[PDB]
Amino acid sequence: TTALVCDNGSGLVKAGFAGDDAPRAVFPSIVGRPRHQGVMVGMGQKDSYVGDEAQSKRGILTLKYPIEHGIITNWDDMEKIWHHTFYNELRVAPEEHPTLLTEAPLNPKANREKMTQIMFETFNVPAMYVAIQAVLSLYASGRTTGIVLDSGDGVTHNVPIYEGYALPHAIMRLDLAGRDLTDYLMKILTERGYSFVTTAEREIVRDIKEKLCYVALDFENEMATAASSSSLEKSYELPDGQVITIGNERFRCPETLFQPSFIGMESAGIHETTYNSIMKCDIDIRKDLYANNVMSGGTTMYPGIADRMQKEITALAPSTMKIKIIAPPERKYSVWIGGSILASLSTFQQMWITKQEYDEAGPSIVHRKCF
Amino acid sequence: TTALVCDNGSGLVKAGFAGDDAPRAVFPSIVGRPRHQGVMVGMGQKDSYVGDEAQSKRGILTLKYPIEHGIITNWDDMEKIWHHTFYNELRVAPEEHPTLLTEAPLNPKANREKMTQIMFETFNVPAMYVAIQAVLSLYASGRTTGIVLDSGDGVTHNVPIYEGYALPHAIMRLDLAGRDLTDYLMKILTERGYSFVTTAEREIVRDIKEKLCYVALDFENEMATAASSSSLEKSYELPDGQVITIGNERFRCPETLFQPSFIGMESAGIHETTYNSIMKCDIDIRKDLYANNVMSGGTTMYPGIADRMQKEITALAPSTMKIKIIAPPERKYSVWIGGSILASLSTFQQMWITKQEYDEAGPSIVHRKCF
Amino acid sequence: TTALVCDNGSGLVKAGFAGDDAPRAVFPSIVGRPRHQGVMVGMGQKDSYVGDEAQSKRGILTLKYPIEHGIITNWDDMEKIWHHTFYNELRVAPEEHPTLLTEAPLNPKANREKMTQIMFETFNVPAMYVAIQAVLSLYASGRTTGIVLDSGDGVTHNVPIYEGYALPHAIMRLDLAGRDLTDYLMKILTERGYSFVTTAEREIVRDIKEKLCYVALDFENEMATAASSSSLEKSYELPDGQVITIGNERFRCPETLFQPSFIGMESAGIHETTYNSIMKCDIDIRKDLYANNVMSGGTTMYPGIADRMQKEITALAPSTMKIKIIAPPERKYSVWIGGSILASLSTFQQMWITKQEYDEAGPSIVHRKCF
Amino acid sequence: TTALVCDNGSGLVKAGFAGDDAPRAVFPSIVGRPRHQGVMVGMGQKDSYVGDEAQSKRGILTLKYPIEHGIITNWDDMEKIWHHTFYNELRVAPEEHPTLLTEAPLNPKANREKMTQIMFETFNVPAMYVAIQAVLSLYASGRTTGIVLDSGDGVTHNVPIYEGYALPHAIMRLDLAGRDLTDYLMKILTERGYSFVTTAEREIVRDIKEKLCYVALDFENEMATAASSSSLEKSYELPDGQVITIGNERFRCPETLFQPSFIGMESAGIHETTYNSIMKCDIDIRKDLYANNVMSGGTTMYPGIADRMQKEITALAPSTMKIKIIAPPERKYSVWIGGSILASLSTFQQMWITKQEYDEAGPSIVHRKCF
Amino acid sequence: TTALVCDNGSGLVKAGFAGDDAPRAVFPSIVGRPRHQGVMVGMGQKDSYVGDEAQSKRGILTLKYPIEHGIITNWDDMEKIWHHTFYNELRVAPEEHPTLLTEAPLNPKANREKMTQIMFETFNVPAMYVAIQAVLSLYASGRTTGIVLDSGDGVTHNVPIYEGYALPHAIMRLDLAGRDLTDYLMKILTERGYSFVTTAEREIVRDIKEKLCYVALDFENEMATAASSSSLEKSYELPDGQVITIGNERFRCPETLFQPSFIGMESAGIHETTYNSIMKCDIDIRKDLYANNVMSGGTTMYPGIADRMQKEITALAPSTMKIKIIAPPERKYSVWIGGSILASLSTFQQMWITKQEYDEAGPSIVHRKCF
Ligand SMILES: Nc1ncnc2c1ncn2[C@@H]1O[C@H](COP(=O)(O)OP(=O)(O)O)[C@@H](O)[C@H]1O
Ligand SMILES: Nc1ncnc2c1ncn2[C@@H]1O[C@H](COP(=O)(O)OP(=O)(O)O)[C@@H](O)[C@H]1O
Ligand SMILES: Nc1ncnc2c1ncn2[C@@H]1O[C@H](COP(=O)(O)OP(=O)(O)O)[C@@H](O)[C@H]1O
Ligand SMILES: Nc1ncnc2c1ncn2[C@@H]1O[C@H](COP(=O)(O)OP(=O)(O)O)[C@@H](O)[C@H]1O
Ligand SMILES: Nc1ncnc2c1ncn2[C@@H]1O[C@H](COP(=O)(O)OP(=O)(O)O)[C@@H](O)[C@H]1O
Ligand SMILES: [Mg+2]
Ligand SMILES: [Mg+2]
Ligand SMILES: [Mg+2]
Ligand SMILES: [Mg+2]
Ligand SMILES: [Mg+2]
């Protein structure tokens, strides 16, 4: 039979079937609830809205994200979202399709324990498996060597792999991703007089960010150019017809990835994190790691991010080494693509967590069965 | 020489001289214009009235506030008010006294740019400086550690400071202040048959609010007590001799600070905003922030507001931490007091924005010179 | 006159006077610098903090260790720390007191060359000397026979001595010490949901480790016991009032000493290193080495480390030999104690590196004068 | 038919066919096993790697040498290496080719007994023979008189032969060879800040040693020259792009052959060992031994070793005697060359240990059949 | 007064006083010097160790024998040993006690000349005398007829005496003694995997030899028995706790006395040497020589040596003659016993070499005064 692949990200939900080349269902990972009082009678109004329906009537709802920083904080909302994916989007019965789930490294173990418990108790999937997203990204890339820089909506992590062997002591994690960039853009848009406060306005700011932001090759020169001329200014139209203009905020927002101190964080940029992860590996494998930098996730879709990353890593690495940044045009769904590839493998079918094993071993089977 | 300190708030204007302990001039920040047709000849009537004069003949004028939400919307009226303060109230020549101005955080930059331009072009002040009101409140408090909750007439903001170092990523702003409370009281007074519509009636309602309103320690119990008995009812006399009676509207109006949903806002209460600002700071400085909650502004003068804030924050913070709310009896003028203290410092005299620097660097000198 | 003894470790600084039985000054070897922007004026804030002062205001500073793995990487910070020790802690003038310094074996020679250059040029000490820390530990033990296992914050080394004669071909070194254990504990605390990232949080994790960790006599049995029951779980209170609970991480962290593969190292455990060092010595001196195992350093202060070491070495050594582990209660300062003992010897005064010898022979005099 | 010649050294394996002038297969004598955890599925990864394959993926493996000091310590690994040589390198069937093996003198007898047992039981060679490596070196030299100084990777031995007659009472052995030199170079490279610890780093250090080391004609003068000038310094590039610089360590490493006390050994140098072996022979044969010093093995390939040996022996021997050191350019494979020559002799075919003799006489036939 | 008797052997020193029945001081004839570098200060370490003190700290010293083959090769070490005997062992003043010394026959004359010169110049003995050790052995035996077979540590000699008359043309000498046996045992212990190389390991091997070796009555039958069964195998415990097992090496080592070709010597066995010495005497004295074979020295203390000697000589001598081997249980000190007996004789006091005779006749007086 066919197996389901679900990539439960912080912001988006990517669901589909193993063997396909693109997710069947992609929609925001939000749940909305009304915040006003209803006066019409017989409208058949619901008490909650999930996905694109919540984004539709977002002017009267309060939107909540069940996942923050790759960690599920609301489990009732997560069950609602999983039910939505399984019934109203994929339109399948989760009793005959094994389901493949993803998770960021260095997460709490209770997260995956509860994921397995919900999958086997609330739903009746015959088997399930939890895979590291960077491994799936490297599967999608078609290679078995390289360090993967995955940046989605909640977390950013690096995982180096040499010959199918992972070096877990060199895995580095960062709680700086797209949502922090959206909040920073919201904060810095107030300098021009634009005030976005509500969650619906947060969605507006997210759309502005993902439609008008880019990474500058040289930050100081770009700031000087923006200050001098006005060619970098762009206009955006609000839903009510108002037009706002954005100048240096276009590239000041993605700059937080390379200078996390813009949002009060002491951590290092993504380039320095990648270099530190590489330098924690064996000296004989560093050359192949320098030439196989793989990027994945929505936050890696900014224009000019790959060139900036290559420039920074070249400035860090020695001159003799060759630095290659591998950013496929479909890296926004590379985790799901690799998950589908892994679930479609003939030799992978012996590593599913079957129902009998879960019943005999409790929810702790996931730790020993899954890396 | 002596330097001027001007606290241009949304509702009130606090002006005076550095080194004093109280503002010299305090008057409403309104400009009035006649709305009827004159029949007497030779009365020497003016076309505009500023300050207490407008409040005197408010039965024949239309009153306008030049500032909404800490942002100056009318600049001709603001110039009129500044001229009033400099000539008819302080009775000084603004050419030999440096002037210290205040501004709320996260305001548009054009606001302070135009403030500097007006101060250096319309008037001829030798130097000027713009300071954050929360920093001045902490100066007045006599301490260099703590989170300040300033609530005036247009805005409410929180600014945490540990050892003279501000954490700008933890600053939170709220466009809910005294004017919204006055509008809400006007709206809810119609339930008893009292209809106030005009701007002069808005001043009447503001006086009723600031003379008869208080914050309830427990809102539901207070509502039950008001419904059961009649001891909470108070009487107010209108200018024409009519007497109105107010019941649960006395504490239903200030409750909007802790439940902003009463006026259709999705934001969180002041207690939750303070807790969120504290939790955005470093873990090693949170203990000193919990014990140094400083309140300032006119909107913090409601009876029982400090006890309610302490109760809510204690309910939010862990049991081991000690919560102290610092509400001095003179917190209505603490911003001006701190501004005077800062302007009277010997080591502060090197940070004035002199006329030559403004001339060479344009109106953009304020951003680099002032935090 | 009196001579100074300074034990410049990776984590701690132990300074004092020769002839005493305890260091006069002990404080962390860190330098902190502000990472936020200051708003108060006239606070007299400094640009750097050294020692306990940095640990005080660690919520607003970035902390750096000038020494990694017993090698000084930052020399300006090291000069700052030495100035701190000489002036603000010992309160003496380093021009009439000869200073005794310590260093780990198999260090770069430029390290001690620059140490001598700084001591004779930046300061004006009349004489100085560099001693191996294991020799000082054996001096403190009061015996002249035995192999010393010194483990501080950056390095772990073994040095066997028979009759005052060292066997340098049997000296073994290991770059696994307390800082690696702190990093491993930080990494494995994320499994329970606790995220410590900043340097101040690194200090928090170090305190948790040194107040709640121990060495298990049998690792697998301890893991089984921790999995079955909950008697091994302990609670710790964070500075902000939050309480965290630690289970098997209490003994999983010190286990890295005996199984260095937990942090991706191919090296052997401390017991195997000690056995290999003993087996590299002459057959006629091995019996006295088996019965004189001396431990020193802070990393040797874990509960149950001595019993585990004895058990492992007994399992390695032949049955007839007698294994004794000598772990005095004051082994945390045994290097300093032995240095004081050596500096107080009457027959040692002829081996100081005087100023004239340094002037005539350059900084290379340390190699020929010191072992 | 053709007979196989296998020179199982400590570091290298030299295999081929009798009658040829060069070994067919030369590769390191190592077996590698993974030390990390695999995450890719379907890679077809092996559990062990032998030879150059282990040297390829050495950044993720732990490398072990089955032979130390000419003595086989691991027999499963030795069987793996023999299978590799017989199948993946020579690509022959070891059932119709008699195999000639080599062994150092004064080895344990169980070593050759087990070699014969493995050759006749695990494989089915029709016949086999064990020859002394010095005799094969003298065969390759084309002469039947002289003392042979063979130094490979584990052992160094001297064997004097006059007219085809060996003097076994004058054979001298030394457990100081290339591996000790590699370990010493690793130890003394830490003085410049370079730290090599892992087995792969041991291979790196071995490459540095065999590409940058030489024997100084006069050690003290060379040390003075290296200290004074900098013309003796050379640079080496690490696999990750880092560049290291080596000074007097180039000739300080090979000096251990003439001064074994550098690594804590009480033995005498190779020159003194050769002189002592010569002086243990009859007085009438010493003159021909002085003029037929033959060197063999990889450790004899250092530049300037032959001149130094001649100088030392001339200083030891009387003035009238003539000292000649015979170091052919192909002495790295002279043992294999002599073994091929011996196996290709028509008169040697009667001294093979046939299968019937082994079956009737047990594994002890090797002692009586082979010298 | 009392006279001193000193038996300066190759391995042992036997000193005492004339008239006693056992030597007062017996200790090894070695001098040790440190070979490592000292790190402790104030240990009062010496630069040389003599006797049992050298055997104590032999794991850090290099041991040298001043005497090889009964010939003194190092004279500074010999002076050190003589000073040790005279002061730290006998505790007497060598100025009032005449000293009796011993020497092997057919030694260089310069040996005894320098012995006399040292005794009369470095020390101030009133008189001295050099006696042949075989004559002293025959004195100890209490008879004046017979051939003496003395075998110590360096030499083996035969001296036949008939009626107090020596036949110097029949004296035979052999440079095969205990030290050669120790070296042979060291060489043949490598066949079982035991490697002893250092001088301290030479002492270990000497102890093993003198505690586990014996002479086989029939060598070939003993070899067959050892090969067949395992009852001849014995175990020995090394100082570090390791246990070694010795089989046919127990009797293969003493066999070198009867088959000197085992160590590459062309000479004849001790039995054949004794027979040849007897056959060089007059035919009328051979019968009394056949029946008075006297053995002395440590090398004659092997079990079964006397029976083997009797069997061999009986096989050589004609059937009618009666062969008696006289091996007293105290033959290890028979030379010293006979020297004491000779020095205690009243009629011997006229043959001392007085100081005046030495002064007038130079060091050559010993040749004419002593046989
Ligand atoms: N073209 C784009 N440019 C910049 N940011 C983008 C773009 N597309 C998506 N993003 C950001 O990436 C995030 C989605 O990343 P995704 O890979 O779905 O994360 P997750 O794996 O956690 O679901 C969104 O928050 C969005 O703001
Ligand atoms: N005693 C009081 N009780 C309740 N509200 C008050 C009281 N005094 C003043 N206010 C309110 O506070 C506002 C003035 O606050 P102020 O600090 O002057 O604001 P700003 O700093 O913007 O001028 C007025 O709108 C008034 O309604
Ligand atoms: N009681 C304890 N238990 C476990 N670890 C400890 C204890 N006390 C100190 N340590 C660790 O030992 C280190 C200090 O060791 P120290 O001997 O000062 O090293 P150094 O000689 O390099 O200064 C610290 O990093 C600390 O984490
Ligand atoms: N050109 C060279 N210079 C110095 N050392 C070398 C050189 N070539 C090889 N070696 C050393 O010699 C050793 C190989 O010697 P080899 O004769 O193969 O020993 P074996 O007979 O035990 O296999 C290696 O360990 C290597 O370090
Ligand atoms: N019981 C014994 N069995 C075998 N050999 C012995 C025994 N006792 C001593 N020896 C050997 O005899 C030697 C000592 O002989 P000794 O008579 O002291 O010689 P010397 O007269 O030259 O000092 C030692 O080298 C020792 O190895
Ligand atoms: Mg994702
Ligand atoms: Mg204000
Ligand atoms: Mg230390
Ligand atoms: Mg070889
Ligand atoms: Mg003797």
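Chains as they are written, first to last, in the authors' numbering: chain E, 5 to 375; chain C, 5 to 375; chain B, 5 to 375; chain D, 5 to 375; chain A, 5 to 375.
For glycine and all other residues, C-beta sits at the position ideal for the given N, C-alpha and C.
Chain-order list of residues whose beta-carbon lies under 7 Å from that of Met227 (chain D) (same chain, five-residue window excluded): Here residue 227 (chain D) is taken as the residue at index 223 of the fourth sequence, counted from 1. Sequence-distant partners of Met227 (chain D) (beyond 5 residues in either direction) whose C-beta falls short of 7 Å from its own C-beta, in its chain, are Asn252.
For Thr126 (chain D), does the three-state DSSP call read helix, strand or coil? By 1-based counting over the fourth sequence, the position of residue 126 (chain D) is 122. In the three-state reduction of the DSSP assignment, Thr126 (chain D) falls in the coil class.
Starting from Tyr188 (chain C), trace the beta strand (DSSP E) in both directions and tell me its first and last residue. The count along the second sequence starts at 1 and reaches residue 188 (chain C) at position 184. From DSSP, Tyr188 (chain C) is part of no beta strand (DSSP E) but of the alpha helix (DSSP H) over 182-192.
Less than 6 Å between C-beta atoms, sequence neighbours within five positions excluded: which residues of the same chain meet that for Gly273 (chain A)? Position 269 of the fifth sequence holds residue 273 (chain A). Counting only Cβ-Cβ distances below 6 Å, and skipping sequence neighbours, we find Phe262.
So is the beta-carbon of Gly156 (chain A) under 7 Å away from any non-hydrogen atom of ligand 10? Here residue 156 (chain A) refers to the residue found at position 152 of the fifth sequence. Yes, Cβ of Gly156 (chain A) sits closer than 7 Å to a heavy atom of ligand 10.
Given this structure, state the Cα-to-Cα distance separating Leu346 (chain B) from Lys284 (chain B), to the nearest angstrom. Residue 346 (chain B) sits at position 342 when you count from the first residue of the third sequence. Residue 284 (chain B) sits at position 280 when you count from the first residue of the third sequence. CA-to-CA, the gap between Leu346 (chain B) and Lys284 (chain B) works out to about 28 Å.
Establish whether the CB of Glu195 (chain E) and some CB of chain C are separated by less than 8 Å. For this step, residue 195 (chain E) is matched to residue 191 along the first sequence. Yes, because at least one Cβ of chain C sits closer than 8 Å to the Cβ of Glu195 (chain E).
What residue ranges within the stretch 82-157 of chain B form continuous beta strand (DSSP E) runs of no fewer than 3 residues, ordered along the chain? You should have 103-107, 131-136, 150-155.
Using a Cβ distance threshold of 8 Å, determine whether the stretch 201-208 of chain E contacts the stretch 60-68 of chain E, with at least three qualifying pairs required. Contact holds: three or more Cβ-Cβ distances are below 8 Å.
Quick check on the burial criterion: 16 or more other C-beta atoms within 10 angstroms. Buried or exposed for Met132 (chain C)? What you label residue 132 (chain C) is simply residue 128 of the second sequence in a count that begins at 1. Buried: at least 16 other Cβ atoms inside 10 Å.
Just to check, is the beta-carbon of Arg183 (chain A) closer than 7 Å to a non-hydrogen atom of ligand 5? Here residue 183 (chain A) refers to the residue found at position 179 of the fifth sequence. Yes.
Beta carbons nearer than 9 Å to chain E: which residues of the stretch 258-282 of chain C have them? Along the stretch 258-282 of chain C, going in chain order, the ones with a CB nearer than 9 Å to a CB of chain E are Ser265, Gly268, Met269, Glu270, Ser271.
What are the boundary residues of the alpha helix (DSSP H) that includes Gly342 (chain A)? Position 338 of the fifth sequence, counting from 1, holds the residue named residue 342 (chain A). First-last of the alpha helix (DSSP H) with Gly342 (chain A): 338-347.
Rounded C-beta distance between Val152 (chain B) and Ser300 (chain B)? I'm assuming under 8 Å. On the third sequence, position 148 is the one that residue 152 (chain B) refers to. On the third sequence, position 296 is the one that residue 300 (chain B) refers to. Indeed they touch by this definition, with Cβ atoms about 6 Å apart.
Would you mind telling me which residues of chain D sit closer than 7 Å to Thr77 (chain E), beta carbon to beta carbon, in chain order? Along the first sequence, read from residue 1 onward, the residue named residue 77 (chain E) stands at position 73. The contacting residues do not exist; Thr77 (chain E) stays about 28 Å from chain D at best.
Selection of the stretch 343-355 of chain E by Cβ proximity to chain D, strictly under 9 Å: Residues of the stretch 343-355 of chain E whose Cβ lies closer than 9 Å to any Cβ of chain D, in chain order: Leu346, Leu349, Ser350, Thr351, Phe352, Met355.
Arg372 (chain E) to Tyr143 (chain E), Cα distance in whole Å? Residue 372 (chain E) sits at position 368 when you count from the first residue of the first sequence. Residue 143 (chain E) sits at position 139 when you count from the first residue of the first sequence. Distance between the alpha carbons of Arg372 (chain E) and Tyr143 (chain E): 22 Å.
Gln137 (chain A) beta carbon near ligand 10 (any heavy atom closer than 7 Å): The residue given as residue 137 (chain A) occupies position 133 in the fifth sequence. The answer is yes for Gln137 (chain A).
Every unbroken beta strand (DSSP E) within the stretch 198-249 of chain D, with a cutoff of 3 residues, ordered by chain: Fully enclosed beta strand (DSSP E) runs of 3 or longer: 238-241.
C-beta neighbour in chain B for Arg39 (chain D), strict 8 Å: Position 35 of the fourth sequence, counted from the start, is the residue given in the question as residue 39 (chain D). Contacts with chain B at 8 Å (Cβ-Cβ) include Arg39 (chain D).
Closest by CA to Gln59 (chain C), which one among C:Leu16, C:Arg196, C:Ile34? For the purposes of this step, residue 59 (chain C) is identified with residue 55 of the second sequence, where counting begins at 1. When only C-alpha atoms are compared, the closest one is C:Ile34.
Cross-chain neighbours of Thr66 (chain B) in chain E, by beta carbon under 8 Å: Indexing the third sequence from 1 puts residue 66 (chain B) at position 62. Per Cβ cutoff of 8 Å: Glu270.
Beta strand (DSSP E) segment containing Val17 (chain D), residue limits: The residue labelled residue 17 (chain D) in the question sits at position 13 within the fourth sequence. Per DSSP, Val17 (chain D) belongs to the beta strand (DSSP E) from 16-21.
Any C-beta of chain E under 8 Å from that of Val201 (chain B): Taking the first residue of the third sequence as 1, we reach residue 201 (chain B) at position 197. Chain E places a beta carbon closer than 8 Å to that of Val201 (chain B), counting this residue as a contact.
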